[PDB]
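Taking the form deposited in one PDB entry, here's one chain by itself in C-alpha cells.
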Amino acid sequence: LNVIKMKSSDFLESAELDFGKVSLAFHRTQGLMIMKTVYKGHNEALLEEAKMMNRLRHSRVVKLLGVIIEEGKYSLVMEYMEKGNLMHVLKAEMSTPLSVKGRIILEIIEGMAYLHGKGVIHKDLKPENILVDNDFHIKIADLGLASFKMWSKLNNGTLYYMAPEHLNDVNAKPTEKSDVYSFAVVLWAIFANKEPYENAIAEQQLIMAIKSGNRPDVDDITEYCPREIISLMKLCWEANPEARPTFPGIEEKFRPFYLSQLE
C-alpha cells in the first residue's frame, strides 16, 4: 500500500481551483498534479482500491499516482493534463488538424483495448474523460469515479454517449459493448468539433429517439471526416450490442488507415 501513500509534505504547495474540491499541486519530485478532496471527519479499503487502480499502467490511460488521508480529509492524486479534456480542445480557436485527430482516435482505441484487456469496463467514456497533454497525446480517465467503488461512495451526466440499452436502466450489467457505443459517438464529436443532437428539444424526445435508432447527424461531418471513419462509427453504434466490434478489432481496422492516409 505504500506505493499509493502520499503526504502533504510530499508537495511544495497547492491551491484550490474554481468537480468538487479540486486543487493544483506541485510534487517535490514528480511535478504538477491534480488533487481531488472530500471531507468525512475503513481507510485500508480505500488504500487497496487505490493500489488496484494504480496497477492500470498504459501510456493512454490515467495512472492514479497516490492518495492522501489526513485530518478527516481524503484525496486522490493524478498527473496534471494541461490542455484539459478532448471537447475543450476540439472547441479551441486553433483548428486541430486531421493527422492529430487521427492519432487521438488511435490512442483512445489503444487505451480502451488495454482497459478491457484488464477486465475493466469504463461505463462512462465521453470527451470529458479523455484528457489531453501539451504534445496532444491523450489519456483515458474516470473523473466521475464510475470504477472507484469505495472512493465514489465517499462523495456522499450527459446521455449523448450512453448506449441505448442503458438509457433508463443504468444498473444493468455493464458490458464492453457499452463502451464501444460511447466510442462511436466520441468519433463523431472529434470530426464535428461539437456535441451531438443540437436540434433536440426535450430529454424524453432524445432518449426515445436514440432507443428507436436515432444517431448523431452524419451530414455534419461528411465534408471533413473520411468515409472509412464514418463506416467505423456506424458499426460501433449499432443498436445490437453484439454487432459492435471489439476495440482490438477496431484497432486492426483503424491503424492501417491512420498509417497510410493520416499520420
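Each residue number is its position in the shown sequence, starting from 1. What we label the rigid core is the largest C-alpha set whose atoms superpose within 1.5 Å from one form to the other.
Not on display, but discussed next: the form deposited in another entry.
I want to make sure I read this right: if the two forms are fitted on their rigid core, which of 235, 56, 69, 209 has a C-alpha displacement of 2 angstroms or more between this form and the one not shown? Flagged residue: 69.
Core aligned, does the CA of residue 114 move at least 2 Å between this form and the one not shown? After core superposition, the C-alpha of residue 114 moves less than 2 Å between this form and the one not shown.
Superposing on the rigid core, do we see a C-alpha displacement of 2 Å or more at residue 194 between this form and the one not shown? It does not, since the residue 194 C-alpha is displaced less than 2 Å between this form and the one not shown after the core fit.
Taking the rigid core as the superposition reference, indicate whether the CA of residue 149 shifts 2 angstroms or more between this form and the one not shown. Moves: yes, 2 Å or greater.
Pin down for me whether the residue 202-residue 87 Cα distance shrinks or grows in that other deposited form relative to this form (closer or farther, change of 3 Å or more). Distance between the C-alphas of residue 202 and residue 87: shorter in that other deposited form, by 3 Å or more.
So the CA-CA distance for residue 222 and residue 241 moves by at least 3 angstroms in that other deposited form. Closer or farther than here? Those two alpha carbons end up farther apart in that other deposited form.
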